[PDB]
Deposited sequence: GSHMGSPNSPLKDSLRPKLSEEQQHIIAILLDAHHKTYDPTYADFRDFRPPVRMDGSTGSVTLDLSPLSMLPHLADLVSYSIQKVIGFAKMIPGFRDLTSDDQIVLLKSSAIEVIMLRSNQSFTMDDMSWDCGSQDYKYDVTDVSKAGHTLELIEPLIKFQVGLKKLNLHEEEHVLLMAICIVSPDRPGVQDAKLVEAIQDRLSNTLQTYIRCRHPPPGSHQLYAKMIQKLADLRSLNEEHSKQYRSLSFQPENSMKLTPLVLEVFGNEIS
């Protein structure tokens, strides 16, 4: 059932991801240094990481079969509304359940709740982000499922402001059926048990997390002294 047009999509998406995700984390030395121990000590370093991550999510999104065919206005809308969510998803690769932190090579670049808290987010709103990473990590997705899930997330037709929703849906279905078919044919039991449905559930949880992120970014950015510490891409993508 794994049609050939589908194994191609997969190869495209894997190569895309390989070209936009360096598991060595070499580029992180360019970011403004991390500061642990005052207020918003971690903001400059994490603002840099996010902005970098947004760049990388854009390069990923551009290779999504079909994405090209959309209007530039639709591409922008899709990316603006998914960036944070794809960032949350792609972060799962560095997140570890051993101590509920994002381990990016070295202790300089190993981020936990306290660090995130020093980027202007209370420990309370950060917890659901952790619970999300935990439940996603437990799915133990294949790298193929991972990239499909990020692409499906980007091409969502219900994002506010979408013009050609019909075409977004057409592109997303192509990717959904690819994933559904991939799991049945390639993912053995019991890990495959309802694995699709659970993958789609994470897309629902991400909408919730997105909303919460927007609300919190609205409060943070409204303080011009904080917004000053962001990047121009973050201001443009997440808003000003």
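Taken in order along the deposited sequence, the stretches absent from the coordinates are 1-17, 55-65, 269-271.
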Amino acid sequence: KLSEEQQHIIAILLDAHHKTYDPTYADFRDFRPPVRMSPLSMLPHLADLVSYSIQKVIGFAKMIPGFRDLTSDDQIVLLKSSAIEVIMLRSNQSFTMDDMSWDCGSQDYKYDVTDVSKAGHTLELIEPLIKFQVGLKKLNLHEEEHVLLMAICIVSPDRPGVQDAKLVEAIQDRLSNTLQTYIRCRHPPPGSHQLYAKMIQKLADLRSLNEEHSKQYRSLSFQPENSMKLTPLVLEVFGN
From here on, numbers count along this sequence of modelled residues.
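Rigid core (definition): largest C-alpha set, two forms, superposition within 1.5 Å.
In a rigid core superposition of the other structures in 9 other deposited structures of this protein, 23-31 and 211-219 differ in how far their CA atoms stray, and the farther one is 211-219. When the other structures are laid on the shown form by the rigid core, the stretch among 190-198 and 51-59 with the greater C-alpha deviation in 9 other deposited structures of this protein turns out to be 190-198.
Of the two segments examined, 17-25 and 218-226, it is 218-226 that shows the higher average Cα temperature factor in the deposited entry. The question of which stretch, 159-167 or 139-147, has the higher mean Cα B factor is settled in favour of 159-167. When the C-alpha B-factors of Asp69, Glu212, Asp205, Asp48 are ranked from the entry, the top spot goes to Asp69. In this entry, the residue among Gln93, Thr114, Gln133, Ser82 with the greatest C-alpha B factor is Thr114. Sorting the modelled residues of the chain by their CA temperature factor places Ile54 in the lowest third.
The deposited CA B-factor of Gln172 belongs to the middle third of values across its chain. Ranked by Cα temperature factor within the chain, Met37 sits in the highest third according to the deposited record.
Remark: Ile200 belongs to the lowest third of its chain, ranked by C-alpha B-factor as recorded. Remark: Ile126 belongs to the middle third of its chain, ranked by C-alpha B-factor as recorded.
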